[PDB]
Ligand SMILES: Nc1nc2c(ncn2[C@@H]2O[C@H](COP(=O)(O)CP(=O)(O)OP(=O)(O)O)[C@@H](O)[C@H]2O)c(=O)[nH]1
Ligand SMILES: Nc1nc2c(ncn2[C@@H]2O[C@H](COP(=O)(O)OP(=O)(O)OP(=O)(O)O)[C@@H](O)[C@H]2O)c(=O)[nH]1
Ligand SMILES: Nc1nc2c(ncn2[C@@H]2O[C@H](COP(=O)(O)OP(=O)(O)OP(=O)(O)O)[C@@H](O)[C@H]2O)c(=O)[nH]1
Ligand SMILES: [Mg+2]
Ligand SMILES: [Mg+2]
Ligand SMILES: [Mg+2]
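Protein chains in written order, with the UniProt record's numbering: chain A, 1 to 429; chain B, 1 to 37, 47 to 364, 371 to 438; chain C, 1 to 37, 47 to 364, 371 to 438.
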């Protein structure tokens with residue numbers, strides 16, 4: 001029970017799911033065809049949550065693939081794990097969003113949304129009990145910006161109780177791959193702050209850093225760039241899919257963490273990370289997995305916890321392990337970094353211990369962090385917005401789609417409303 | 001002819017019950033299949058064929074841990090009409106366990122009680138293994154106890170609970186659980202029982218020679234306590250103390266019903282020698298602060314009442330000299346206006362082992384426990400000073416003043432032990 | 001019914017205790033496993058099963074030498090709650106053993122005393138095997154003895170100690186240990202015992218035919234002394250002298266409590282013949298200056314009191330003629346105003362051997384020992400004349416005048432024996 005429906009969008013977020021469902025394939029023994037080959041019977045006991053068991057020894061990914069041009073759908077279906085999906089669910093347009101938020105939200109967003117909302121309805125009717133919806137997209141492109149954000153407001157009109165999480169990549173701090181990355185951020189900020197229950201936020205540059213600092217890689221591909229988020233997403237629900245000594249799921253992570261509904265923008269953390277040969281010369285145990293999390297460099301969002309204040313801390317472990325080896329490590333590290341936290345929460349460290357490791361190393365941990373460090377990135381992004389707005393450039397596209405300045409201004413004000421509230425609890429102690 | 005049923009609420013209580021009924025089957029020689037190759050009506054009942062079933066009800070709002078019994082080694086022991094599962098958990102939300110989901114499957118679990126209450130005739134106590142950590146183990150706990158005093162009223166209701174730790178604390182809204190659950194368990198429960206996780210660790214670390222304990226081993230310590238409380242019903246000693254007497258002995262005033270459990274002697278296998286474990290030796294180790302399972306120093310208050318449940322091999326005159334020592338000390342001191350402060354219970358049955372000569376369970380209703388509430392009131396104030404996490408309980412249908420109504424309710428609870436402490 | 005517990009402080013005392021309890025197990029036939037294939050309550054206690062444990066507490070601030078017992082041949086004999094280790098040593102710093110580290114684990118060792126004092130009822134003496142060389146054997150020694158006179162006060166406290174040598178001296182700040190420890194062991198210890206390393210060598214060289222001794226063999230000489238002091242409690246002779254009497258016999262004034270031990274006869278295996286070892290033959294060898302274990306010439310002062318503890322095969326009339334010889338000599342002379350200066354003790358048990372007929376332990380509280388303090392005062396002056404090594408004791412929290420307060424304290428100690436020497 002408590003099955004989960006998967007929605008994709010954009011062009012970056014599809015290739016992540018093109019790697020993420022490969023992760024879920026070997027976390028359940030799923031072949032590239034769709035049949036079953038696993039040996040551990042703990043997989044089949046909760047197989048239903050990410051897969052419909054179709055007729056005749058089949059398993060299909062309960063996932064909704066959405067694009068606006070036939071290129072990326074062709075690349076998925078031709079490469080690995082493309083025939084595993086259902087051909088009914090390759091629901092995609094023909095135009096391409098043109099790297100415009102307004103094309104993905106107003107003109108071309110209204111076309112394909114009806115084809116999606118039946119498929120959302122067909123899966124939600126078919127599911128016995130529904131847990132929540134998940135979305136993987138961009139905040140820099142066109143299809144990831146407008147099309148995904150247009151869906152979630154229609155879903156909040158449908159379901160009040162169902163949770164919602166977007167693994168949305170933050171627009172980049174210093175490198176500028178997108179020319180109009182403020183215009184794909186700020187118009188996407190307003191949709192995320194209203195009706196997204198929890199929201200995952202990953203910087204681009206720290207993902208380049210973690211693939212270069214700890215691992216010391218020379219030619220990092222997107223098969224190894226985007227792979228770290230694929231293990232990250234699996235560690236969020238790894239206590240759902242298998243029993244544990246202390247289980248967890250998506251509702252336990254929500255109500256523990258989010259202190260007020262406008263403050264729900266989180267940061268990940270994963271451990272352990274080695275090189276190809278520099279992997280045994282380290283005591284890869286709980287205290288090494290302890291101190292690998294809490295440093296500044298492990299955060300996939302490029303932010304310094306020293307230049308900010310936390311609010312809550314979640315931690316999800318994998319593999320069999322003891323407890324006082326964990327618990328004292330999950331207690332003492334709050335005291336060495338004492339002033340970095342905030343006063344008004346006793347024991348803000350949420351612990352979660354599954355009993356199944358990844359297919360690989362013996363123990364693993366997934367960190368879910370929340371701090372006031374992220375608002376300092378938005379002041380750059382609000383500066384990046386206003387630098388392209390104090391001359392009022394790039395308006396005739398949105399004017400051609402039809403939009404006043406006030407929709408730009410209030411969303412920038414609502415971006416500043418995020419500024420006025422993460423600073424508010426940071427100023428408090 | 002005498003019975004005592006058991007209920008398990010929440011995920012933490014089920015893993016307690018997984019080791020408890022593991023122990024009970026090893027007591028009376030029961031297999032996991034309900035099979036054995047006399048008077049045990051308290052925890053079992055006989056079928057038409059030669060099979061015995063446990064008097065246990067397992068409730069959960071999430072289907073996870075009950076499948077661990079429905080597929081585990083102890084699978085064939087349980088009636089499948091007892092194994093009750095939900096669909097969506099309260100998920101560390103007390104308002105979900107009390108209003109949202111628990112209101113739906115409340116009809117099934119209460120109906121299973123009277124189906125057990127047919128064959129019971131000497132109904133002498135209830136067992137509710139509920140934690141205060143998880144929302145399901147707390148939110149269902151308040152809804153369950155309201156109907157039973159409407160159902161029975163006169164019958165005994167006992168709660169072998171788990172106290173939330175002052176330092177090693179897992180979840181976030183665990184301070185929110187205790188203040189809300191206070192009005193139920195002070196108005197329904199005849200004698201609640203607090204056990205902290207934190208004191209168990211050093212008992213595992215020092216006294217049990219394993220610095221890194223497992224939750225499978227944490228349940229083994231409490232499961233020995235629950236058996237020796239029932240050591241008078243299930244067997245025959247020279248001084249059998251039944252469960253009607255404990256709530257009449259240990260309770261001087263009907264609000265004060267919070268003792269603490271203390272199992273002793275707690276030794277390791279290699280330290281089974283280098284000792285002799287006489288009845289005067291081990292009872293001084295009972296009043297040692299580092300042997301109890303509640304993080305409260307007993308020399309920070311006074312004892313209102315004390316109970317001692319012996320088993321194994323015990324002569325009362327040899328215990329008579331042992332009790333005469335403890336009254337003739339000074340660092341151990343009682344409430345002075347209660348000079349008769351001992352309840353002794355002897356059973357001639359050895360403490361069984363789960364994969371020694373004698374054992375002691377100590378039950379001391381004291382004023383040392385009253386500081387633990389003040390350590391948890393200090394947690395609850397600041398998280399409510401910000402009005403943090405109000406939009407989840409109000410988000411699941413709860414009054415804001417219902418916190419405030421229960422806020423002063425702890426102050427009336429706390430002033431009880433302060434008033435009894437002075438003369 | 002009568003007991004005498006033992007404590008071992010510092011590294012030098014542990015290696016003494018390694019040979020002592022080696023000897024005691026060979027006395028009563030005890031194995032290293034506490035097993036034997047009547048009245049021995051003084052050094053042992055019986056478990057519930059047929060195993061006996063030693064009444065010994067091993068303290069150390071460094072974890073080295075206790076692991077040599079925890080992994081050695083005598084491993085299974087000791088209760089692991091007795092084997093107490095530290096982490097960082099005092100490391101030949103008296104201020105570290107007295108202020109820095111020893112203040113932390115002082116709670117554990119003192120708690121083990123009352124855990125032993127339960128089964129003890131005839132508590133008649135304490136044993137503290139402490140050296141003055143190492144900082145741990147001296148710094149913990151002062152902290153330990155302060156609480157016991159607060160604990161007991163009336164009970165006996167004996168210290169079989171090791172005197173620092175005037176010539177063969179290993180460490181550097183060994184003169185700093187003795188002046189600082191003086192105020193404790195003169196105000197707590199009922200009867201301290203000095204043994205020098207230096208006199209043992211020529212006894213090993215000449216009388217034991219091995220010119221190059223080992224520290225394993227140095228402990229064998231003192232371990233025979235400690236047994237024959239307890240030869241009246243552990244057995245039955247015609248004249249059993251218990252440990253309450255020695256502190257009343259040998260002490261004319263309650264500050265003077267420094268006798269010296271003398272074991273005799275000390276022979277080799279090849280020299281076991283060419284002799285007959287009568288009771289008059291061997292007692293003249295007791296008063297020989299080269300047979301004692303303290304580098305002090307007995308013909309440089311006068312005897313205040315003398316004690317003789319016989320064992321083996323002894324007739325008192327044959328000893329009566331032997332004692333009549335020693336009073337009727339001239340080079341051996343007493344304090345004249347004490348004409349009754351003998352304490353005789355006979356046990357009908359042979360001196361056991363560790364891998371003869373009779374043996375004598377001589378305890379002579381004399382004025383010949385008072386020159387040894389003056390030989391050590393001469394060491395302490397010049398190292399304090401430079402104010403050398405002040406920045407370690409003050410570097411570990413100690414008053415400079417606390418040296419000076421203890422400086423005149425030896426002068427009041429030294430003028431005692433000078434005053435008693437004249438009539
Ligand atoms: N970490 C990654 N970032 C990517 C990847 N591909 C693109 N991007 C980033 O995502 C942003 C572009 O968004 P998309 O790839 O989703 C383009 P989309 O289909 O959403 O819309 P259009 O602009 O209409 O094509 C931009 O900031 C890129 O730097 C990728 O594989 N990994
Ligand atoms: N006695 C005991 N308590 C445990 C054990 N493991 C965890 N706990 C406690 O149980 C608390 C969590 O309560 P759970 O029972 O697991 O959760 P729940 O009642 O099902 O509620 P939700 O899962 O949040 O809906 C933890 O914070 C611990 O204090 C165990 O093995 N034994
Ligand atoms: N009786 C006896 N004394 C010994 C023996 N070996 C060494 N000693 C003496 O012990 C002195 C050192 O004291 P220790 O006990 O080893 O040191 P400590 O008290 O543990 O303190 P540290 O400085 O930390 O080692 C030396 O100077 C010797 O005089 C031995 O086998 N027997
Ligand atoms: Mg694209
Ligand atoms: Mg639970
Ligand atoms: Mg030493």
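Positions of the beta carbon are idealized from the N, C-alpha and C atoms, including for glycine.
- In summary, residue 342/A is buried, with 16 or more beta-carbon neighbours lying within 10 Å of its beta-carbon over all protein chains present.
- Placement of the Cβ of residue 74/C at a distance of less than 8 Å from at least one heavy atom of ligand 6 is found.
- Assignment of beta-bridge partners to residue 169/B by DSSP yields 202/B.
- Taking the CA atoms as reference points, residue 335/C sits about 36 Å from residue 22/C.
- Not a single C-beta of chain B is nearer than 9 Å to the C-beta of residue 155/C.
- In this structure residue 419/A is in contact with residue 375/A, their Cβ atoms being roughly 6 Å apart against a cut-off of 8 Å.
- For residue 71/B, the CB falls within less than 8 Å of some heavy atom of ligand 2.
- Ligand 6 approaches residue 12/C closely enough that one of its heavy atoms is under 8 Å from the residue's Cβ.
- Closer than 8 Å to some heavy atom of ligand 6: that describes the Cβ of residue 143/C.
- Contacts between residue 36/B and chain A, judged by CB atoms closer than 9 Å, are missing: the closest CB pair is about 30 Å apart.
- For the segment 58-71 of chain A, no residue has a beta-carbon sitting nearer than 8 Å to a beta-carbon of chain B.
- Taking non-hydrogen atoms of ligand 6 into account, the C-beta of residue 205/B is found less than 8 Å away from none of them.
- In this structure, the alpha-carbon of residue 194/B lies about 24 Å from that of residue 209/B.
- If the five residues before and after residue 11/A are omitted, its C-beta is found closer than 8 Å to the C-beta atoms of 67, 72, 138, 141, 143, 144, all from its own chain and listed in chain order.
- Shown here, residue 3/C sits in a strand according to DSSP, grouped into three states.
- By DSSP's assignment, residue 370/A forms a beta bridge with 312/A.
- Of the other Cβ atoms in all chains shown, fewer than 16 fall within 10 Å of the Cβ of residue 324/C; this residue is therefore exposed.
- Non-local C-beta neighbours of residue 125/C in its own chain, meaning closer than 7 Å and more than five positions away in sequence, comprise 5, 64, ordered along the chain.
- From the listed residues 62/B, 250/B, 165/B, 262/B, the smallest Cα separation to residue 49/B is found for 62/B.
- Note on geometry: alpha-carbon atoms of residue 294/A and residue 317/A lie some 14 Å from one another.
- The contact set of residue 285/B on chain C, defined by CB atoms closer than 9 Å, consists of 54, 55, 56, 57, 58, 128 in chain order.
- DSSP places residue 378/C inside the beta strand (DSSP E), whose first and last residues are 374-381.
- By alpha-carbon distance to residue 310/C, the top candidate from 26/C, 379/C, 76/C is 379/C.
- Across the segment 119-135 of chain A, CB contacts with chain B closer than 9 Å involve 128, 129, 131, in sequence order along the chain.
- Distance from the CA atom of residue 28/C to the CA atom of residue 319/B, rounded to whole angstroms, is 36 Å.
- Taking 9 Å as the threshold, the shortest C-beta distance from residue 374/B to chain C does not fall below it.
- Contact annotation: residue 1/B and residue 131/B have beta-carbon atoms nearer than 9 Å.
- The three-state secondary structure of residue 72/A, taken from DSSP, is helix.
- The C-alpha of residue 156/A is placed about 25 Å away from the C-alpha of residue 71/B.
- For a Cβ distance threshold of 8 Å, nothing in chain B lies close to residue 32/C: the least Cβ distance comes to about 13 Å.
- Residue contact check for residue 425/B against chain A: no CB pair falls below 9 Å.
- Residue-level contact by beta carbon fails for residue 25/B and chain A, as no gap is shorter than 9 Å.
- Contact note: residue 112/B does not reach chain C at a C-beta cutoff of 7 Å; the least C-beta distance is about 54 Å.
- At a C-beta separation below 7 Å, residue 331/A has these neighbours in chain B: 176, 177.
- A distance criterion of 8 Å places the beta-carbon of residue 247/A in contact range of ligand 2, judged by its closest non-hydrogen atom.
- Identification of chain A residues near residue 221/B by a Cβ-Cβ cut-off of 8 Å yields 322, 323, 324, 325, ordered along the chain.
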